[PDB]
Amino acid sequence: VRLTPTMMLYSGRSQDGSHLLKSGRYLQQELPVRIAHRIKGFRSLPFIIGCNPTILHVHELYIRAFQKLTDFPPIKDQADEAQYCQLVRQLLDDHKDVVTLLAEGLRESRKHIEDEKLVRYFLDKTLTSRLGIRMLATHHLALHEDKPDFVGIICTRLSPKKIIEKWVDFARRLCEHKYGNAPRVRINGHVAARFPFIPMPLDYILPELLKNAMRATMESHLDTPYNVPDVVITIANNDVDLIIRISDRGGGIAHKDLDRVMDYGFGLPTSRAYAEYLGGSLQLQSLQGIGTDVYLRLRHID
């Protein structure tokens, strides 16, 4: 009992494993319908783009997914549900590179793009539906796990500070490897906050935002990489949403680039679409000559 947009994540308990069958049967009815919607998206692409060999390949993954899914017989016991999980697992892996295949197929296809609002809409709808589908699927699998402080993929006691720190260490390493240093990150605000929340969207978004804030900081301090401005992260936790402000002193996004930056890495426009999909937002405040403030808002689970 809990939801993403129009999709339900099951918070349940059954010592017989009754909840696993109910969740399995839900996932089994919901997946094919949503995969078919993805097939329609490909069908309605401008012909010339839909013809691109990589776009066509991704199109074919979805048909294949829909075939295997609809071919699976209904679930009438635990044993069915178990094998169904195996299928779902295989599909999640087969589809792991999809975002990357799309970004490539569409680049090969840049010249033939006449209407950009049309393709941008396709990407947003595809990528965000894909996310929802993957959360729902991953949730069901994670219900088989016995891990504490987790109901499926819902973490019952999530520390925004903690999950930010993990992605900071990650982004710092990439940055140190490329520039030989990385900005110290400071975290302020509600650093002690804990509340139920689904990690996954944060796991996509944060590393992107952290990579940008760090890149921009280094690219504008080439002369002094051993000494660069800190990246300052602020956490604001209230009853409606969680806000994570990420501020860098990297010189800002230039006026001429302001529009190009939020459109299709490819990490920012995806991140914004994810945030809105979940009922939040991703906004940018550029101080040209100084730095950039990025505001990630995500609604509280309920």
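From 1 onward, residues are counted along the sequence shown. So that the term is clear: the rigid core is the largest set of C-alpha atoms that superpose within 1.5 Å between two forms.
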For this session: With the rigid core held as the alignment frame, decide whether 106-114 or 151-159 lies farther from the shown form in 7 other deposited structures of this protein, in terms of RMS C-alpha distance.
Result: 106-114
Problem set entry | Stretch departing more from the displayed form, 265-273 or 247-255, Cα RMS in 7 other deposited structures of this protein (core fit) | 265-273
Exercise. Does the deposited sequence hold unmodelled residues between residue 264 and residue 265, and if so, how many: none, 1 to 3, 4 to 9, or 10 or more?
Worked result: 10 or more
For this session: Higher average CA B factor in the deposited record is what I'm after, so tell me if that's 181-189 or 141-149.
Result: 141-149
Problem set entry | Mean C-alpha B-factor comparison - 78-86 and 209-217, higher one | 78-86
For this session: Would you mind finding, among 232, 164, 118, 106, the residue with the largest C-alpha temperature factor in the entry?
Result: 118
Exercise. Split the chain's modelled residues into thirds by Cα B-factor; is residue 248 in the lowest, middle or highest one?
Worked result: lowest
For this session: Relative to the other modelled residues of the same chain, rank the CA B-factor of residue 94 and answer lowest, middle or highest third.
Result: middle
For this session: Consider only the C-alpha atoms of the modelled residues in this chain, order them by B-factor as the entry records it, and name the third containing residue 70: lowest, middle or highest.
Result: middle
Seminar exercise, completed: So, residue 60's CA B-factor, relative to its chain, sits in which third? The middle
Problem set entry | CA B-factor ranking of residue 300, expressed as a third of its chain | middle
